[PDB]
């Protein structure tokens, strides 16, 4: 499979225990051999700046795939900080685990195998999560809004929680984008960039929870 090839490429070309080389290996492979739905370096660079500004202690990612963004975020996390990433496809989840192991960030990241809708309500109980500092949304686009509402219902959002969403332009997340921008409960900022492995304009949306009205 493609995911297996990306992993093999990393194993044979990246420096173990070096997150940077791992990222560069994946980017090179996808740029030159096969396109893959990783956020990429262009947008990844914006992600890094946001992570550095907020220095989150607990981060939740929706959509791991092959672990590119998990490696990207975790390498910048402070000692004691945790990253929980959800992935419903067991095959992708396996690749991600191996990717994290090679990068040497396995102690910082916890992979949750399951659909976000089923896992979100169990976060407080099974993983000792109080409130989230940051959430990275990058799973199926039609899930952004329902999961954001679900996160709020479960009491996982505090005043100041940062939601960062990918693909708000391409493929697009119409309902979510309209909701956050129109809600008094969120303060939004848009970062223009480009779709991974091409000149299509895309962007990330930062929406900071202000609490309910």
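Take the two forms, superpose them, and find the largest set of C-alpha atoms that agree within 1.5 Å; that set is the rigid core. Numbering follows the first chain given and starts at 1.
*Asks:* Out of 201-209 and 16-24, which shows the greater rigid core-aligned C-alpha deviation in 5 other deposited structures of this protein?
*Replies:* Between 201-209 and 16-24, greater C-alpha deviation in 5 other deposited structures of this protein belongs to 201-209.
*Asks:* After a core fit, does 54-62 or 36-44 show the bigger CA gap to the shown form in 5 other deposited structures of this protein?
*Replies:* The more displaced stretch in 5 other deposited structures of this protein turns out to be 36-44.
*Asks:* Higher mean Cα B-factor in the deposited model: 121-129 or 87-95?
*Replies:* Between 121-129 and 87-95, it is 121-129.
*Asks:* Averaging CA B factors per stretch from the PDB record, which one is higher: 179-187 or 143-151?
*Replies:* Higher mean C-alpha B-factor: 179-187.
*Asks:* Have a look at 73, 81, 100, 134 and flag the one whose Cα has the highest B-factor in the entry.
*Replies:* Among 73, 81, 100, 134, the highest C-alpha B-factor in the entry belongs to 81.
*Asks:* Going by the recorded CA B-factors, say which third of the chain residue 18 sits in, lowest, middle or highest.
*Replies:* It falls in the top third of the chain.
*Asks:* Please place residue 30 in the lowest, middle or highest third of its chain according to the CA B-factor in the PDB entry.
*Replies:* Within its chain, residue 30 is a highest-third residue by C-alpha B-factor, going by the deposited values.
*Asks:* Among the chain's modelled residues, which third holds the C-alpha B-factor of residue 55?
*Replies:* Highest third, going by the recorded CA B-factors of the chain.
*Asks:* Which third, lowest, middle or highest, does the CA B-factor of residue 77 fall in along this chain?
*Replies:* It falls in the top third of the chain.
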